[PDB]
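Residue numbers (the UniProt record's numbering): 4 to 260.
Using N, Cα and C, we set each Cβ at its ideal position, and we do this for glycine too.
The structure appears right after this line, and notes come after that.
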Ligand SMILES: CC(=O)O[C@@H]1[C@H](O)[C@@H](O)[C@@H](O)O[C@@H]1COS(N)(=O)=O
Ligand SMILES: [Zn+2]
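The structure is reproduced here in structure tokens:
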């Protein structure tokens, strides 16, 4: 099926998933000098105090840290969002080298990685229903650059040895997503899609201006993961990012001047 190799990578996805060439695809390049400050945007509200992490899973495309979303325990509100969006999982996209790995780019600049905190609009009752709606999901994107270590990331790094291959999962309770946020919540926002098949156009993207720093040792451990299942020839999980797609008829709004 789909992946990030030469023979099944983003260039091929449109054949099985025609929406790949659709009206509102992600990610995009964020041209900082074309984005429009929008003084009408309300403050962004990240409410993660009651967040309940459950499990970490290698799904053969990335790794997901999953949360209990049966109640409003960890939510995103405000900014461009109407109503309440519940945290369901977060994951990363990253490169084989520090100079690439992010999905969104900022004035064409690629970061070493990008964290995605995925939330679904509670008005639609469940995640499966939400992805079929133009405002079903809100994904908070955060760039990673290589610098000093991120202490709040180390617990994730530590457990990767136990989910090396596709299908593996481990208990991952009492992790606090707040440790992954930068100081500033200044952001750009635009209407887009999931960046992997099924590429559904159901996402309000909120991409933070300020990157977090992680250490070389930390990102190196991401790169030791496998796309393949246990017992199969080793394919390192690297460069699991879709490149920037055409902006087409969309505007990127900024929360700041
Ligand atoms: C919400 C979701 O579909 O996440 C999926 C996967 O579970 C995830 O592991 C990763 O591959 O990105 C995907 C695409 O989502 S993303 N990049 O749009 O935010
Ligand atoms: Zn993602």
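Reference residue 260, options 32, 4, 36, closest by Cα
36
Return yes when at least one heavy atom of ligand 2 lies under 7 Å from the C-beta of residue 198, else no.
yes
Are there 16 or more other CB atoms within 10 angstroms of the CB of residue 30, so buried, or fewer, so exposed?
buried
DSSP three-state assignment for residue 192, whether helix, strand or coil:
strand
Quick check: what's the CA-CA separation for residue 253 versus residue 142?
17 Å
Counting pairs of Cβ atoms below 8 Å between the region 178 to 187 and the region 46 to 54, do you hit three or more?
yes
What three-state label does DSSP hand residue 96 in the structure shown?
strand
Can you give the Cα-Cα distance for residue 147 and residue 160, rounded to whole angstroms?
14 Å
In the DSSP assignment, the alpha helix (DSSP H) including residue 173 goes from what residue to what residue?
Per DSSP, residue 173 belongs to no alpha helix (DSSP H); it is in the beta strand (DSSP E), 172 to 174.
In terms of residue numbering, what span does the alpha helix (DSSP H) encompassing residue 210 cover?
Premise fails: residue 210 lies in the beta strand (DSSP E), 206 to 211, not in any alpha helix (DSSP H).
Rounded to whole angstroms, how far is the Cβ of residue 33 from the Cβ of residue 209, which I believe are closer than 8 Å?
Contact doesn't hold; Cβ gap of about 12 Å is too wide.
Using only alpha-carbon positions, find the residue among 12, 139, 145 that is nearest to residue 187.
145
Which first and last residues belong to the beta strand (DSSP E) in which residue 130 is found?
Residue 130 -> not in any beta strand (DSSP E); alpha helix (DSSP H) instead, spanning 130 to 133.
According to the neighbour-count rule (16 or more other Cβ atoms, all chains shown, within 10 Å of its Cβ), is residue 214 buried or exposed?
buried
Report yes if the C-beta of residue 65 is less than 7 Å from at least one heavy atom of ligand 1; otherwise report no.
yes
Host beta strand (DSSP E) of residue 148 (start-end):
140 to 149
The alpha helix (DSSP H) enclosing residue 31, as first and last residue numbers
Taken as a continuous stretch (DSSP letters only), residue 31 belongs to no alpha helix (DSSP H), as it is neither H nor E.
Of the listed residues 100, 99, 121, 169, nearest to residue 69 (C-alpha basis)
121
Which of helix, strand or coil does DSSP assign to residue 121?
strand
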